[PDB]
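*Asks:* Structure for this input, please:
(4 chains, ligands or ions: 6)
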Amino acid sequence: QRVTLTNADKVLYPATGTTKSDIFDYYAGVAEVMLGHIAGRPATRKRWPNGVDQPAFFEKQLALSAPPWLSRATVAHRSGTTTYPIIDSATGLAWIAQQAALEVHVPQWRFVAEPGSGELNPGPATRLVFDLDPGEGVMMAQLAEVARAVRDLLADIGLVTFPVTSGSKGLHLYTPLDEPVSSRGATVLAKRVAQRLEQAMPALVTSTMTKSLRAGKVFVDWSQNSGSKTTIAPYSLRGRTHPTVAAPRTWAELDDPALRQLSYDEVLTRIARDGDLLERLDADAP
Amino acid sequence: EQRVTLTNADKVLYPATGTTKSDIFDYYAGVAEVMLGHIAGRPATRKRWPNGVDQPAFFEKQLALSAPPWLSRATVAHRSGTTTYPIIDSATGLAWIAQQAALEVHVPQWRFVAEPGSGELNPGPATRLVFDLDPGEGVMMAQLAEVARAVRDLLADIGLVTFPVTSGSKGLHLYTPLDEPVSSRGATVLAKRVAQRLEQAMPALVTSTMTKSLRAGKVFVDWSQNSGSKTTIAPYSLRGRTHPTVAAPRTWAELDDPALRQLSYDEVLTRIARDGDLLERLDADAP
DNA sequence: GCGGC
DNA sequence: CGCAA
Ligand SMILES: O=c1ccn([C@@H]2O[C@H](COP(=O)(O)OP(=O)(O)OP(=O)(O)O)[C@@H](O)[C@H]2O)c(=O)[nH]1
Ligand SMILES: O=c1ccn([C@@H]2O[C@H](COP(=O)(O)OP(=O)(O)OP(=O)(O)O)[C@@H](O)[C@H]2O)c(=O)[nH]1
Ligand SMILES: [Mn+2]
Ligand SMILES: [Mn+2]
Ligand SMILES: [Mn+2]
Ligand SMILES: [Mn+2]
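*Replies:* Residues are numbered from 1 along each chain as shown, chains lettered A, B, ... in the order given. Ligands and ions are numbered 1, 2, ... in the order given. Structure as follows:
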């Protein structure tokens, strides 16, 4: 399981001058905290081999040139069959870094070993994700107002909620399901939460997806629980002009009106101090 | 009903001549009927220039996961690892080669064969010898031909026919069909001996020995191209040089020309019309 | 040139 | 970024 880094000093984030070597070291540092939330899960990559300025691509299928030691499982979808890599070692993330795969994306479900035979099919969703996407001119004080409303709705079913800023524009809320439930079921539940909130605070929340997002409201993206969709993984970098991170936050932080996204270097600092704030999210692991 | 969509039609791949992807596509469409027989049943190695002859290139042997399911494919087992190659055997296969910016197509001297009992394909014997003539420092294309002629006779003196093909590069290729096919090992044995009998017959102009440098004033007869693991630029293939030259089959009379030169895709097209396939007898069979 | 349902 | 030996 050697991974040779190449183009160490190649700048991928021109704005901040972030070389592949930083990124390699970043993913080396976040490894212990990150791995648990992507283990057992099919890794979708979004790659910027030529920096965040040159075009990028999504990649699901594991290339034929990908190192044999990587874990892999197949998903069967209407037309075609996709074999994804499963990242579950620090070396796996090393590969991800070398690959210039800034972003790692996962669904909310894990592969499970077939009782009799052995090899893996997609299993039930282990967690819900609430994908909060702010509208035009949507105040931060209010984005959290909503996140808190979601938390209080879920705790009224004995479910805990963890906020993670996306590294992008909005906010993600994860909820562990002690007893896993199929993605359709996950979708059903998320959808009911969204709709119950939309009703409880009409002026700030919408459950309905719109081709151009709605001004002044927060859109609760419940269909992110569809077993066929992925959400940016916790502790992943983003391919934005600045190397921000999908970063877990404490609830206390959400009370900050001047709340903002975090950079890879800052997250690193926090981990040292904090540990994995999402520790109880995926307390079982491949 | 295998389709190939051309993308980036007007994208110039040879800046010097302004030859766009669409020219190349059309070329391969045009050379298809004559080219296909010499590469059918053979593992296609591609050398690709997706950004013109000025941007870097790569060899590709393995058939990518992303390539169209309708391509033919067989597998070769080697040292460590296994390689599934594409087999080009229809104009559409060539279409794919063009869309792929795979200027060059390289093949070995052998074909896959259907397994007598089971069906699927393992490497078979070599169907033809190839003599790869590599001229040295200050070697006049004239004397390069005398050597080519000397090879023809040594071979005719065993009832074997010889077809010349200019590589589209610097030197010259000779193919000989083997009526009865023979393992590449044996093909190498045969070629090595022709080369050596030649080296002796004309000491001043030929060498059989591979030098790291290329020896001035002499023509090196590359016999080891008959090795089963090696490939030679396929006849009718484009080259990825500053100019869009081609591995062109030439008639013997042409080799007598001292001002004998390489040919461009356009010329090969006008030749093929008037000529048919000069190599028609080289591979009389296969898809 | 291609890499996502 | 990787694509042959
Ligand atoms: O075009 C898309 C859009 C979305 N997605 C998947 O859906 C997830 C959520 O899609 P979002 O559009 O909400 O983006 P985001 O949450 O990552 O960041 P912000 O909205 O805060 O700006 C993304 O993280 C990605 O995994 C795609 O794969 N492709
Ligand atoms: O580095 C190499 C060299 C050669 N080869 C393969 O073996 C053959 C060796 O052939 P040559 O190296 O002699 O080049 P050529 O005959 O194509 O062109 P000239 O000599 O006329 O300039 C080539 O046609 C190619 O298929 C490689 O695959 N890689
Ligand atoms: Mn979002
Ligand atoms: Mn969304
Ligand atoms: Mn040569
Ligand atoms: Mn040679």
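
*Asks:* Tell me the spacing between residue A:94 and residue A:6.
*Replies:* Residue A:94 sits 12 Å away from residue A:6, going by CB to CB, to the nearest Å. Bear in mind the C-beta positions are built from the backbone N, C-alpha and C, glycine included.

*Asks:* And those two? Which one has more around it.
*Replies:* Between residue A:94 and residue A:6, counting by other CB atoms under 10 Å in any protein chain shown, residue A:94 is the more crowded of the two (20 against 8).

*Asks:* What's the local residue count around the nearest residue to the more buried one once chain neighbours are set aside?
*Replies:* Nearest-residue entry for residue A:94: residue A:3, 4.1 Å, with adjacent residues in sequence omitted and distances by CB to CB, 6 or more residues apart in numbering or on different chains. For residue A:3, the neighbour count with other CB under 10 Å is 18.

*Asks:* Need phi/psi at residue A:3.
*Replies:* Here the main-chain torsion angles of residue A:3 (degrees, to the nearest 10) amount to phi -130, psi 120.

*Asks:* Residue A:272 too?
*Replies:* According to degrees, to the nearest 10, residue A:272 has phi -50, psi -60.

*Asks:* quick revisit: residues touching the residue nearest to residue A:94, list them.
*Replies:* A:67, A:91, A:94-95, A:98 (CB atoms under 8 Å, 6 or more residues apart in numbering or on different chains).

*Asks:* and chain A, which of its residues are near ligand 3?
*Replies:* A:131, A:133, A:170 (CB under 5 Å from the ion).

*Asks:* The first one: what secondary structure?
*Replies:* Looking back up the chat, that one is residue A:131. The three-state label given to residue A:131 by DSSP: H, G, I helix; E, B strand; the rest coil is strand.

*Asks:* hmm, back to that, let's have the contacts of residue A:3 in JSON lines, adding distance to residue A:35.
*Replies:* Shown next, in JSON lines, are the contacts of residue A:3 (distance: CB to CB, whole Å):
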{"residue": "A:67", "distance to residue A:35": "17"}
{"residue": "A:91", "distance to residue A:35": "11"}
{"residue": "A:94", "distance to residue A:35": "12"}
{"residue": "A:95", "distance to residue A:35": "13"}
{"residue": "A:98", "distance to residue A:35": "17"}
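
*Asks:* I'd like those residues written out as a markdown table, with secondary structure added.
*Replies:* Listed next are those as a markdown table, based on three-state DSSP:
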| residue | secondary structure |
| --- | --- |
| A:67 | coil |
| A:91 | helix |
| A:94 | helix |
| A:95 | helix |
| A:98 | helix |
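
*Asks:* Neighbour-wise, give me the winner out of these.
*Replies:* Counting neighbours by other CB under 10 Å, residue A:95 leads the contacts of residue A:3 with 22 neighbours.

*Asks:* Can you list the neighbours in contact with stretch A:74-93?
*Replies:* A:1, A:3, A:27-28, A:30-32, A:34-35, A:38-44, A:60-62, A:66, A:69-73, A:95-96, A:104, A:111, A:122, A:228, A:285-286.

*Asks:* buried sites along it?
*Replies:* A:74-75, A:83-93 (16 or more other CB atoms under 10 Å in any protein chain shown).

*Asks:* want to throw the residues you listed into CSV with secondary structure?
*Replies:* Supplementary listing: the buried residues of stretch A:74-93 in CSV, determined by three-state DSSP:
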residue, secondary structure
A:74, strand
A:75, strand
A:83, strand
A:84, strand
A:85, strand
A:86, strand
A:87, coil
A:88, coil
A:89, coil
A:90, helix
A:91, helix
A:92, helix
A:93, helix
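
*Asks:* Out of those residues, flag the one nearest to ligand 5.
*Replies:* For the buried residues of stretch A:74-93, the closest approach to ligand 5 (CB to the ion) belongs to residue A:83, at 40.6 Å.

*Asks:* Grab the nearest non-local neighbour of the closest one.
*Replies:* Excluding the flanking residues, the one nearest residue A:83 by CB to CB, 6+ apart is residue A:74, at 4.8 Å.

*Asks:* Now for residue A:153: which residues touch it?
*Replies:* Residue A:153 makes contacts with A:193, A:196-197, as judged by CB under 8 Å, 6+ apart.

*Asks:* Can you flag which of those residues belong to helices?
*Replies:* A:193, A:196-197 (DSSP state H).

*Asks:* Type out the ChimeraX command that picks the buried ones from those residues.
*Replies:* ChimeraX command restricting the ones in helices among the contacts of residue A:153 to the buried ones, with burial defined by 16+ other CB under 10 Å:
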select /A:193,197
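
*Asks:* Same list, the ones in helices among the contacts of residue A:153, but as JSON lines with distance to ligand 5 please.
*Replies:* As requested, the ones in helices among the contacts of residue A:153 are exported to JSON lines (distance: CB to the ion, whole Å):
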{"residue": "A:193", "distance to ligand 5": "71"}
{"residue": "A:196", "distance to ligand 5": "76"}
{"residue": "A:197", "distance to ligand 5": "73"}
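
*Asks:* thought residue A:134 was touching residue A:165?
*Replies:* No. Residue A:134 lies out of contact with residue A:165 (CB atoms under 8 Å); the separation is 11.5 Å.

*Asks:* Any figure for the gap between the residue lying closest to residue A:216 once chain neighbours are set aside and ligand 2?
*Replies:* Distance criterion CB to CB, 6+ apart; nearest residue to residue A:216, sequence neighbours excluded, is residue A:135 at 5.7 Å. In this view, residue A:135 and ligand 2 are 58 Å apart by CB to the nearest ligand atom, to the nearest Å.

*Asks:* I figured residue A:135 hits residue A:218, correct?
*Replies:* Yes. Applying CB under 8 Å as the test, residue A:135 and residue A:218 come out as touching, 6.7 Å apart.

*Asks:* Would you mind listing the buried residues in the helix or strand residue A:269 falls within?
*Replies:* Per DSSP states H and E, residue A:269 falls inside helix A:264-274. Neighbour-count burial for helix A:264-274, counted by 16+ other CB under 10 Å, picks out A:264, A:267, A:270-271.

*Asks:* now stretch A:165-172
*Replies:* In stretch A:165-172, counting by 16+ other CB under 10 Å, buried: A:165-167, A:170-172.

*Asks:* what does stretch A:209-222 give?
*Replies:* The neighbour-count check on stretch A:209-222 (16+ other CB under 10 Å) flags A:217-222 as buried.

*Asks:* Now flag whichever of the residues you listed is closest to ligand 5.
*Replies:* Nearest to ligand 5 among these is residue A:221, at 61.1 Å by CB to the ion.

*Asks:* I'd guessed the closest one sits against residue A:128; true?
*Replies:* No. Residue A:221 is beyond contact range of residue A:128, at 11.6 Å (criterion: CB under 8 Å).
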